[PDB]
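Chemist: Got run-v2.txt for you, compact mmCIF, C-alpha atoms and all ligand atoms:
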# COMPACT_ATOMS: atom_id res chain seq x y z
CA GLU A 2 0.00 0.00 0.00
CA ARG A 3 1.78 3.14 -1.27
CA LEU A 4 0.81 6.81 -1.46
CA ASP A 5 1.67 8.91 -4.51
CA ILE A 6 2.87 12.02 -2.67
CA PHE A 7 3.60 14.14 -5.79
CA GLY A 8 5.20 11.34 -7.86
CA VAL A 9 7.07 9.85 -4.91
CA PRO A 10 5.61 6.51 -3.74
CA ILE A 11 5.63 6.32 0.10
CA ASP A 12 4.99 2.93 1.71
CA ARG A 13 2.19 3.11 4.30
CA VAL A 14 4.20 1.55 7.10
CA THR A 15 4.64 1.99 10.86
CA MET A 16 8.11 1.71 12.51
CA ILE A 17 7.37 -1.95 13.52
CA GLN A 18 6.17 -2.84 9.97
CA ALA A 19 9.20 -1.10 8.38
CA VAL A 20 11.60 -3.13 10.57
CA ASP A 21 9.80 -6.41 9.70
CA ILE A 22 10.04 -5.59 5.97
CA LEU A 23 13.82 -5.07 6.28
CA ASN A 24 14.22 -8.36 8.19
CA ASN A 25 12.35 -10.11 5.34
CA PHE A 26 14.66 -8.44 2.75
CA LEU A 27 17.59 -10.26 4.49
CA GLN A 28 15.97 -13.59 3.51
CA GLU A 29 15.88 -12.65 -0.23
CA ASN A 30 19.15 -13.14 -2.14
CA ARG A 31 19.09 -9.89 -4.15
CA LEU A 32 19.86 -6.16 -3.63
CA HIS A 33 17.03 -4.14 -2.09
CA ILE A 34 17.29 -0.32 -2.11
CA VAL A 35 15.70 1.43 0.88
CA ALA A 36 14.99 5.20 1.13
CA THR A 37 13.39 7.32 3.89
CA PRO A 38 11.80 10.31 2.13
CA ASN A 39 10.75 13.38 4.09
CA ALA A 40 8.72 16.30 2.60
CA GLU A 41 11.99 18.07 1.56
CA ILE A 42 13.04 15.03 -0.51
CA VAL A 43 9.59 15.11 -2.20
CA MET A 44 10.28 18.78 -3.20
CA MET A 45 13.76 17.88 -4.48
CA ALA A 46 12.26 15.08 -6.66
CA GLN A 47 10.02 17.65 -8.40
CA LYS A 48 13.05 19.46 -9.85
CA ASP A 49 15.39 16.38 -10.28
CA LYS A 50 14.11 13.87 -12.99
CA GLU A 51 16.90 11.36 -12.16
CA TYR A 52 16.12 11.40 -8.40
CA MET A 53 12.38 11.04 -9.15
CA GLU A 54 13.07 7.91 -11.34
CA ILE A 55 15.25 6.49 -8.52
CA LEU A 56 12.55 7.05 -5.85
CA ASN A 57 10.06 5.15 -8.05
CA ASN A 58 12.51 2.18 -8.32
CA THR A 59 13.33 1.54 -4.62
CA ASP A 60 12.14 -1.53 -2.68
CA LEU A 61 10.94 0.50 0.30
CA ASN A 62 10.28 4.21 0.87
CA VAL A 63 9.73 4.66 4.61
CA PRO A 64 8.26 8.10 5.46
CA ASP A 65 10.52 10.44 7.48
CA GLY A 66 9.37 12.99 10.07
CA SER A 67 6.00 14.50 10.96
CA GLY A 68 5.87 16.73 7.87
CA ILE A 69 5.14 14.05 5.24
CA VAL A 70 2.62 12.41 7.64
CA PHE A 71 0.80 15.78 8.01
CA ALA A 72 0.75 16.23 4.19
CA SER A 73 -0.64 12.67 3.78
CA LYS A 74 -3.86 13.80 5.59
CA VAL A 75 -5.11 14.78 2.08
CA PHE A 76 -5.35 11.00 1.23
CA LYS A 77 -8.19 8.55 1.98
CA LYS A 78 -5.76 6.43 4.02
CA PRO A 79 -3.15 8.82 5.54
CA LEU A 80 0.27 7.64 6.83
CA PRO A 81 -0.19 5.55 9.97
CA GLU A 82 2.43 7.12 12.26
CA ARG A 83 5.38 9.50 12.48
CA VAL A 84 8.53 7.54 11.71
CA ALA A 85 12.10 8.89 12.00
CA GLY A 86 14.59 7.35 9.54
CA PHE A 87 17.32 7.61 12.20
CA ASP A 88 15.17 5.57 14.62
CA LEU A 89 14.47 3.02 11.84
CA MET A 90 18.21 2.53 11.30
CA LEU A 91 18.90 2.00 15.05
CA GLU A 92 15.90 -0.28 15.58
CA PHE A 93 16.96 -2.35 12.53
CA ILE A 94 20.60 -2.52 13.82
CA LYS A 95 19.29 -3.40 17.34
CA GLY A 96 17.53 -6.51 15.98
CA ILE A 97 20.28 -7.80 13.67
CA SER A 98 23.11 -7.18 16.21
CA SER A 99 22.25 -10.41 18.06
CA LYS A 100 21.84 -12.34 14.75
CA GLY A 101 25.44 -11.58 13.62
CA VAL A 102 24.39 -9.87 10.35
CA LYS A 103 27.38 -8.22 8.55
CA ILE A 104 27.12 -4.37 8.24
CA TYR A 105 29.26 -1.87 6.27
CA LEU A 106 29.36 1.87 7.00
CA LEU A 107 30.11 4.07 3.99
CA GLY A 108 29.93 7.83 4.27
CA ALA A 109 30.61 10.95 6.47
CA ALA A 110 33.88 12.96 6.91
CA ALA A 111 37.20 11.31 7.86
CA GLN A 112 36.92 9.10 10.98
CA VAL A 113 33.16 9.71 11.56
CA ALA A 114 32.18 6.21 10.27
CA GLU A 115 34.90 4.60 12.50
CA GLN A 116 33.61 6.56 15.54
CA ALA A 117 30.01 5.56 14.73
CA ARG A 118 31.11 1.89 14.47
CA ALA A 119 32.78 2.17 17.92
CA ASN A 120 29.63 3.71 19.48
CA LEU A 121 27.34 1.10 17.81
CA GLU A 122 29.50 -1.71 19.27
CA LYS A 123 28.99 -0.13 22.77
CA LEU A 124 25.21 0.33 22.34
CA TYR A 125 24.46 -3.03 20.67
CA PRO A 126 27.22 -5.50 21.64
CA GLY A 127 27.74 -8.30 19.14
CA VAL A 128 26.98 -6.12 16.09
CA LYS A 129 29.09 -7.34 13.15
CA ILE A 130 30.36 -4.16 11.41
CA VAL A 131 32.76 -5.67 8.82
CA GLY A 132 34.14 -2.34 7.58
CA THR A 133 33.90 1.45 7.27
CA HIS A 134 35.05 4.15 4.82
CA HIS A 135 34.52 7.93 4.55
CA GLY A 136 32.23 9.31 1.82
CA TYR A 137 34.74 11.61 0.11
CA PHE A 138 36.32 8.88 -2.06
CA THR A 139 37.69 9.10 -5.60
CA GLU A 140 36.74 6.63 -8.41
CA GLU A 141 39.94 4.67 -7.71
CA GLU A 142 38.96 4.39 -3.99
CA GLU A 143 35.34 3.52 -4.95
CA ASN A 144 36.64 0.43 -6.82
CA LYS A 145 38.50 -0.80 -3.73
CA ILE A 146 35.49 0.04 -1.49
CA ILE A 147 32.90 -1.94 -3.58
CA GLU A 148 35.33 -4.91 -3.65
CA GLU A 149 35.81 -4.64 0.15
CA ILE A 150 31.98 -4.53 0.68
CA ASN A 151 31.38 -7.61 -1.52
CA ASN A 152 34.43 -9.63 -0.42
CA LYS A 153 33.77 -9.04 3.31
CA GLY A 154 30.28 -10.55 2.71
CA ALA A 155 28.38 -7.52 4.01
CA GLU A 156 24.57 -7.92 3.91
CA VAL A 157 23.57 -4.38 5.04
CA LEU A 158 25.19 -1.20 3.64
CA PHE A 159 24.43 2.20 5.18
CA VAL A 160 25.34 5.01 2.82
CA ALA A 161 25.78 8.34 4.65
CA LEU A 162 26.32 10.74 1.67
CA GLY A 163 23.21 12.95 2.04
CA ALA A 164 20.23 13.11 -0.31
CA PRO A 165 20.14 12.76 -3.31
CA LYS A 166 23.86 11.77 -3.47
CA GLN A 167 23.43 8.54 -1.45
CA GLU A 168 20.44 7.35 -3.52
CA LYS A 169 22.18 8.28 -6.75
CA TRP A 170 25.34 6.41 -5.65
CA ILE A 171 23.42 3.24 -4.64
CA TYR A 172 21.38 3.30 -7.86
CA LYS A 173 24.43 3.88 -10.15
CA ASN A 174 26.12 0.89 -8.45
CA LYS A 175 23.11 -1.44 -7.95
CA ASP A 176 24.57 -3.98 -10.39
CA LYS A 177 28.01 -3.92 -8.66
CA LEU A 178 26.91 -4.13 -5.01
CA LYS A 179 26.31 -7.66 -3.73
CA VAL A 180 24.58 -6.66 -0.45
CA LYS A 181 20.95 -7.53 0.47
CA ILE A 182 20.00 -4.03 1.73
CA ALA A 183 21.55 -0.68 0.64
CA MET A 184 20.01 2.23 2.60
CA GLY A 185 20.79 5.97 2.43
CA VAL A 186 21.14 7.33 5.99
CA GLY A 187 22.09 11.02 5.39
CA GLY A 188 23.63 12.63 8.46
CA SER A 189 23.04 9.67 10.83
CA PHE A 190 26.80 8.97 11.05
CA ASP A 191 27.49 12.44 12.51
CA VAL A 192 24.71 11.90 15.07
CA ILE A 193 25.87 8.38 16.03
CA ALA A 194 29.56 9.38 16.28
CA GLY A 195 28.59 12.42 18.37
CA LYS A 196 29.85 15.01 15.84
CA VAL A 197 26.29 16.46 15.56
CA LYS A 198 23.10 16.83 17.73
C1 LIG A 201 16.34 18.23 4.42
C2 LIG A 201 16.87 17.05 3.65
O1 LIG A 201 16.55 15.90 3.93
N1 LIG A 201 17.74 17.32 2.68
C3 LIG A 201 18.93 18.11 2.83
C4 LIG A 201 20.18 17.29 2.48
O2 LIG A 201 20.05 15.99 2.95
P1 LIG A 201 21.11 15.54 4.07
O3 LIG A 201 20.76 16.22 5.35
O4 LIG A 201 21.24 14.05 4.06
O5 LIG A 201 22.45 16.19 3.50
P2 LIG A 201 23.87 16.60 4.12
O6 LIG A 201 24.76 16.93 2.97
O7 LIG A 201 23.67 17.65 5.17
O8 LIG A 201 24.37 15.25 4.83
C5 LIG A 201 25.52 14.63 4.22
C6 LIG A 201 26.14 13.59 5.13
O9 LIG A 201 27.01 12.74 4.35
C7 LIG A 201 28.35 13.17 4.48
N2 LIG A 201 28.88 13.52 3.14
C8 LIG A 201 28.39 14.58 2.42
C9 LIG A 201 28.78 14.85 1.17
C10 LIG A 201 29.73 13.99 0.52
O10 LIG A 201 30.21 14.17 -0.60
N3 LIG A 201 30.16 12.93 1.29
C11 LIG A 201 29.74 12.61 2.56
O11 LIG A 201 30.18 11.64 3.16
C12 LIG A 201 28.39 14.31 5.49
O12 LIG A 201 29.58 14.32 6.25
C13 LIG A 201 27.07 14.07 6.25
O13 LIG A 201 27.19 13.01 7.20
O14 LIG A 201 20.56 17.39 1.11
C14 LIG A 201 20.87 18.72 0.64
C15 LIG A 201 22.37 18.86 0.65
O15 LIG A 201 22.89 18.65 -0.65
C16 LIG A 201 20.13 19.86 1.35
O16 LIG A 201 19.88 20.89 0.40
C17 LIG A 201 18.81 19.35 1.94
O17 LIG A 201 18.09 20.37 2.63
What does the file become when written as structure tokens?
Modeler:
Amino acid sequence: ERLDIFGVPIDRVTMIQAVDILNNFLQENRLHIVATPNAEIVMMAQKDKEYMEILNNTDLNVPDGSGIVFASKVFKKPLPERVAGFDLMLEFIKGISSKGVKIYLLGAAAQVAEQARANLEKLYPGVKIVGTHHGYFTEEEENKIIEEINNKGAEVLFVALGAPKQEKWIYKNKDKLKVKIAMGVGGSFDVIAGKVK
């Protein structure tokens, strides 16, 4: 059940339902692209044709913030509840930390993804974070990074490059990445590492 909020399909999910969908994606041997659009992303999509095509080709668009939920009141079946994409990422990580699911952290300025990894290992002990890399890489570094992601057998890839850059990166490389879930997480690395509020 999806809502066409100005071209952008938003899945009518609650935080519990969104986490169950991601856990089911881990059982399917194929790449699933996950996005968490907020009202600002919907406005960006209006001016960016490429981003709009990407948002209509993702496996799951979880709504982000109160804004998009307020705007959905125009529909016959509005969005069930306010869902924060940051909270979705931590709830998802909380569940798979005990199951030993391999995670890769790509994105943020130098050392932020290593600091986030350290903090995640303190919050959810047993989390398997197989690798990290900053999001200011060159094409030559990108080649080594995709090989590291695939060869380390990572199942979940969090891309912290900001929107639309993270979606555009995941989509450009969908045929190269051998992970089960690739999700754009924006500035969540700065928040987890403690760089930002
Ligand atoms: C409100 C919203 O949802 N969208 C904002 C944002 O999303 P978003 O808030 O995700 O964008 P930011 O650029 O502020 O977040 C980028 C994050 O990725 C990292 N980083 C950034 C760039 C890069 O090349 N590599 C990298 O690793 C940063 O260190 C940070 O952790 O996108 C645009 C920035 O272009 C803004 O105009 C939008 O208002």
Chemist: Each residue of chain A with at least one atom at most 6 Å from ligand LIG 201 (chain A) should appear once, together with its nearest atom pair and the corresponding distance in Å (one decimal); atoms considered: only C-alpha atoms and all ligand atoms; ordering: chain, then increasing residue number; output as JSON lines.
Modeler:
{"residue": "A:41", "atom": "CA", "partner": "A:LIG201", "partner_atom": "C1", "distance": 5.2}
{"residue": "A:42", "atom": "CA", "partner": "A:LIG201", "partner_atom": "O1", "distance": 5.7}
{"residue": "A:108", "atom": "CA", "partner": "A:LIG201", "partner_atom": "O11", "distance": 4.0}
{"residue": "A:109", "atom": "CA", "partner": "A:LIG201", "partner_atom": "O11", "distance": 3.4}
{"residue": "A:110", "atom": "CA", "partner": "A:LIG201", "partner_atom": "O12", "distance": 4.6}
{"residue": "A:135", "atom": "CA", "partner": "A:LIG201", "partner_atom": "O11", "distance": 5.9}
{"residue": "A:136", "atom": "CA", "partner": "A:LIG201", "partner_atom": "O11", "distance": 3.4}
{"residue": "A:137", "atom": "CA", "partner": "A:LIG201", "partner_atom": "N3", "distance": 4.9}
{"residue": "A:161", "atom": "CA", "partner": "A:LIG201", "partner_atom": "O9", "distance": 4.6}
{"residue": "A:162", "atom": "CA", "partner": "A:LIG201", "partner_atom": "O9", "distance": 3.4}
{"residue": "A:163", "atom": "CA", "partner": "A:LIG201", "partner_atom": "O4", "distance": 3.0}
{"residue": "A:164", "atom": "CA", "partner": "A:LIG201", "partner_atom": "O2", "distance": 4.4}
{"residue": "A:187", "atom": "CA", "partner": "A:LIG201", "partner_atom": "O4", "distance": 3.4}
{"residue": "A:188", "atom": "CA", "partner": "A:LIG201", "partner_atom": "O13", "distance": 3.8}
{"residue": "A:190", "atom": "CA", "partner": "A:LIG201", "partner_atom": "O13", "distance": 5.6}
{"residue": "A:191", "atom": "CA", "partner": "A:LIG201", "partner_atom": "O13", "distance": 5.3}
Chemist: For the residues selected in the previous step, produce a file with C-alpha atoms as a PDB file, in the frame of the given file.
Modeler:
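Writing done, so here's part-v1.pdb:
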ATOM      1  CA  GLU A  41      11.990  18.070   1.560  1.00  0.00           C
ATOM      2  CA  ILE A  42      13.040  15.030  -0.510  1.00  0.00           C
ATOM      3  CA  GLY A 108      29.930   7.830   4.270  1.00  0.00           C
ATOM      4  CA  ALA A 109      30.610  10.950   6.470  1.00  0.00           C
ATOM      5  CA  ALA A 110      33.880  12.960   6.910  1.00  0.00           C
ATOM      6  CA  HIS A 135      34.520   7.930   4.550  1.00  0.00           C
ATOM      7  CA  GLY A 136      32.230   9.310   1.820  1.00  0.00           C
ATOM      8  CA  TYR A 137      34.740  11.610   0.110  1.00  0.00           C
ATOM      9  CA  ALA A 161      25.780   8.340   4.650  1.00  0.00           C
ATOM     10  CA  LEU A 162      26.320  10.740   1.670  1.00  0.00           C
ATOM     11  CA  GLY A 163      23.210  12.950   2.040  1.00  0.00           C
ATOM     12  CA  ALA A 164      20.230  13.110  -0.310  1.00  0.00           C
ATOM     13  CA  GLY A 187      22.090  11.020   5.390  1.00  0.00           C
ATOM     14  CA  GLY A 188      23.630  12.630   8.460  1.00  0.00           C
ATOM     15  CA  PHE A 190      26.800   8.970  11.050  1.00  0.00           C
ATOM     16  CA  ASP A 191      27.490  12.440  12.510  1.00  0.00           C
TER      17      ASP A 191
END
Chemist: Could you give me, as JSON, numbers by chain, the residues within 7 Å of segment 60-69 of chain A, counting all atoms listed in the file and dropping anything in the same chain fewer than 5 positions from it?
Modeler: {"A": [10, 11, 12, 14, 19, 33, 34, 35, 36, 37, 38, 39, 40, 83, 84, 85, 86]}
Chemist: Using all atoms listed in the file, which residues sit within 9 Å of residue 100 of chain A once same-chain residues fewer than 4 positions away are excluded, as a count of residues only?
Modeler: 4
Chemist: So which residues touch residue 181 of chain A within 10 Å, counting all atoms listed in the file, skipping near sequence neighbours fewer than 2 positions away, as a list in words?
Modeler: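 So the residues in contact are residues 23, 26, 27, 28, 29, 30, 31, 32, 33, 34, 155, 156, 157, 158, 178, 179 and 183 of chain A.
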Chemist: Looking at only C-alpha atoms, which of A:94, A:124, A:107, A:193 is the one that sits closest to residue 20 of chain A?
Modeler: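 Nearest to residue 20 of chain A: A:94.
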Chemist: Box in all listed atoms of segment 54-72 of chain A, axis-aligned, with 8 Å more on each side; write out centre and edge lengths in Å to one decimal as lines of an AutoDock Vina configuration file.
Modeler:
center_x = 8.0
center_y = 7.6
center_z = -0.2
size_x = 30.5
size_y = 34.3
size_z = 38.3
Chemist: Of the candidates A:25, A:95, A:170, A:59, which one gets nearest to residue 123 of chain A if we count only C-alpha atoms?
Modeler: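 Once distances to residue 123 of chain A are computed over only C-alpha atoms, the minimum belongs to A:95.
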Chemist: For the atom pair atom CA of residue 81 of chain A and atom CA of residue 13 of chain A, what is the interatomic distance in Å to one decimal place?
Modeler: 6.6 Å
Chemist: Have a look at A:111, A:184, A:9, A:75 and name the one nearest to residue 52 of chain A; count all atoms listed in the file.
Modeler: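 Nearest candidate to residue 52 of chain A out of A:111, A:184, A:9, A:75: A:9.
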Chemist: One decimal, in Å: what's the spacing between atom CA of residue 46 of chain A and atom CA of residue 192 of chain A?
Modeler: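 Atom CA of residue 192 of chain A lies 25.2 Å from atom CA of residue 46 of chain A.
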Chemist: Which of these, A:105, A:76, A:172, A:125, has the shortest distance to residue 146 of chain A once you count only C-alpha atoms?
Modeler: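 Comparing A:105, A:76, A:172, A:125 against residue 146 of chain A, the winner is A:105.
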Chemist: Pick out the residues sitting within 9 Å of residue 131 of chain A, and hand them over as a PyMOL selection string; count all atoms listed in the file, and ignore anything fewer than 6 positions along from it in its own chain.
Modeler: chain A and resi 103-106+150+153-155
Chemist: Mind pulling up the distance from atom CA of residue 198 of chain A to atom CA of residue 143 of chain A?
Modeler: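 Here the two named atoms are 29.0 Å from each other.
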Chemist: Give the answer as one residue: which of A:8, A:141, A:91, A:197 has the shortest atom-to-atom distance to residue 49 of chain A, using all atoms listed in the file?
Modeler: A:8
Chemist: Missing atoms in segment 78-113 of chain A: fill them in up to N, CA and C atoms and send the result as a JSON list (two decimals), in the coordinates of the input.
Modeler:
[["chain", "number", "residue", "atom", "x", "y", "z"],
["A", 78, "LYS", "N", -6.42, 7.18, 2.96],
["A", 78, "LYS", "CA", -5.76, 6.43, 4.02],
["A", 78, "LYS", "C", -4.42, 7.12, 4.32],
["A", 79, "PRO", "N", -4.41, 8.13, 5.20],
["A", 79, "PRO", "CA", -3.15, 8.82, 5.54],
["A", 79, "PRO", "C", -2.07, 7.91, 6.14],
["A", 80, "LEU", "N", -0.83, 8.42, 6.27],
["A", 80, "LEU", "CA", 0.27, 7.64, 6.83],
["A", 80, "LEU", "C", -0.01, 7.28, 8.27],
["A", 81, "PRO", "N", 0.19, 6.01, 8.63],
["A", 81, "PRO", "CA", -0.19, 5.55, 9.97],
["A", 81, "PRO", "C", 0.45, 6.29, 11.14],
["A", 82, "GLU", "N", 1.77, 6.46, 11.14],
["A", 82, "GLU", "CA", 2.43, 7.12, 12.26],
["A", 82, "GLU", "C", 3.70, 7.83, 11.85],
["A", 83, "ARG", "N", 4.15, 8.77, 12.68],
["A", 83, "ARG", "CA", 5.38, 9.50, 12.48],
["A", 83, "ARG", "C", 6.53, 8.52, 12.67],
["A", 84, "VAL", "N", 7.41, 8.45, 11.69],
["A", 84, "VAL", "CA", 8.53, 7.54, 11.71],
["A", 84, "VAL", "C", 9.79, 8.35, 11.39],
["A", 85, "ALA", "N", 10.83, 8.22, 12.22],
["A", 85, "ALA", "CA", 12.10, 8.89, 12.00],
["A", 85, "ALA", "C", 13.04, 7.87, 11.37],
["A", 86, "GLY", "N", 13.66, 8.23, 10.25],
["A", 86, "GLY", "CA", 14.59, 7.35, 9.54],
["A", 86, "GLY", "C", 15.80, 6.96, 10.37],
["A", 87, "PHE", "N", 16.21, 7.85, 11.29],
["A", 87, "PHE", "CA", 17.32, 7.61, 12.20],
["A", 87, "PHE", "C", 16.92, 6.49, 13.16],
["A", 88, "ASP", "N", 15.70, 6.58, 13.72],
["A", 88, "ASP", "CA", 15.17, 5.57, 14.62],
["A", 88, "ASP", "C", 14.97, 4.23, 13.91],
["A", 89, "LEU", "N", 14.62, 4.25, 12.61],
["A", 89, "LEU", "CA", 14.47, 3.02, 11.84],
["A", 89, "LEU", "C", 15.83, 2.31, 11.73],
["A", 90, "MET", "N", 16.87, 3.07, 11.44],
["A", 90, "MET", "CA", 18.21, 2.53, 11.30],
["A", 90, "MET", "C", 18.68, 1.88, 12.61],
["A", 91, "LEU", "N", 18.48, 2.55, 13.76],
["A", 91, "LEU", "CA", 18.90, 2.00, 15.05],
["A", 91, "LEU", "C", 18.06, 0.84, 15.51],
["A", 92, "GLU", "N", 16.75, 0.85, 15.23],
["A", 92, "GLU", "CA", 15.90, -0.28, 15.58],
["A", 92, "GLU", "C", 16.28, -1.49, 14.75],
["A", 93, "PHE", "N", 16.53, -1.29, 13.43],
["A", 93, "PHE", "CA", 16.96, -2.35, 12.53],
["A", 93, "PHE", "C", 18.28, -2.96, 13.02],
["A", 94, "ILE", "N", 19.29, -2.10, 13.30],
["A", 94, "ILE", "CA", 20.60, -2.52, 13.82],
["A", 94, "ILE", "C", 20.44, -3.23, 15.16],
["A", 95, "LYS", "N", 19.55, -2.76, 16.04],
["A", 95, "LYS", "CA", 19.29, -3.40, 17.34],
["A", 95, "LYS", "C", 18.89, -4.87, 17.18],
["A", 96, "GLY", "N", 17.99, -5.15, 16.24],
["A", 96, "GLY", "CA", 17.53, -6.51, 15.98],
["A", 96, "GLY", "C", 18.56, -7.44, 15.36],
["A", 97, "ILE", "N", 19.29, -6.96, 14.33],
["A", 97, "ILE", "CA", 20.28, -7.80, 13.67],
["A", 97, "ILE", "C", 21.63, -7.89, 14.40],
["A", 98, "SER", "N", 21.84, -7.12, 15.48],
["A", 98, "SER", "CA", 23.11, -7.18, 16.21],
["A", 98, "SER", "C", 23.31, -8.52, 16.89],
["A", 99, "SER", "N", 22.22, -9.09, 17.42],
["A", 99, "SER", "CA", 22.25, -10.41, 18.06],
["A", 99, "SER", "C", 22.37, -11.54, 17.02],
["A", 100, "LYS", "N", 21.83, -11.33, 15.82],
["A", 100, "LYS", "CA", 21.84, -12.34, 14.75],
["A", 100, "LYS", "C", 23.17, -12.42, 13.95],
["A", 101, "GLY", "N", 24.15, -11.59, 14.30],
["A", 101, "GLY", "CA", 25.44, -11.58, 13.62],
["A", 101, "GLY", "C", 25.40, -11.23, 12.14],
["A", 102, "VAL", "N", 24.51, -10.31, 11.74],
["A", 102, "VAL", "CA", 24.39, -9.87, 10.35],
["A", 102, "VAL", "C", 25.54, -8.89, 10.03],
["A", 103, "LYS", "N", 26.28, -9.11, 8.93],
["A", 103, "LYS", "CA", 27.38, -8.22, 8.55],
["A", 103, "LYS", "C", 26.90, -6.87, 8.00],
["A", 104, "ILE", "N", 27.46, -5.77, 8.54],
["A", 104, "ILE", "CA", 27.12, -4.37, 8.24],
["A", 104, "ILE", "C", 28.34, -3.58, 7.75],
["A", 105, "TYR", "N", 28.18, -2.72, 6.75],
["A", 105, "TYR", "CA", 29.26, -1.87, 6.27],
["A", 105, "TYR", "C", 28.81, -0.39, 6.35],
["A", 106, "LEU", "N", 29.69, 0.47, 6.87],
["A", 106, "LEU", "CA", 29.36, 1.87, 7.00],
["A", 106, "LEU", "C", 30.14, 2.71, 6.01],
["A", 107, "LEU", "N", 29.47, 3.21, 5.00],
["A", 107, "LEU", "CA", 30.11, 4.07, 3.99],
["A", 107, "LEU", "C", 29.55, 5.45, 4.12],
["A", 108, "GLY", "N", 30.41, 6.46, 4.18],
["A", 108, "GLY", "CA", 29.93, 7.83, 4.27],
["A", 108, "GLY", "C", 30.54, 8.62, 5.41],
["A", 109, "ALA", "N", 30.18, 9.94, 5.48],
["A", 109, "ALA", "CA", 30.61, 10.95, 6.47],
["A", 109, "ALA", "C", 32.11, 11.36, 6.34],
["A", 110, "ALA", "N", 32.50, 12.48, 6.96],
["A", 110, "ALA", "CA", 33.88, 12.96, 6.91],
["A", 110, "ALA", "C", 34.86, 11.98, 7.58],
["A", 111, "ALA", "N", 36.16, 12.17, 7.34],
["A", 111, "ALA", "CA", 37.20, 11.31, 7.86],
["A", 111, "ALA", "C", 37.04, 10.98, 9.35],
["A", 112, "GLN", "N", 37.00, 9.69, 9.65],
["A", 112, "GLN", "CA", 36.92, 9.10, 10.98],
["A", 112, "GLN", "C", 35.52, 9.08, 11.61],
["A", 113, "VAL", "N", 34.51, 9.73, 11.00],
["A", 113, "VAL", "CA", 33.16, 9.71, 11.56],
["A", 113, "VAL", "C", 32.55, 8.29, 11.49]]
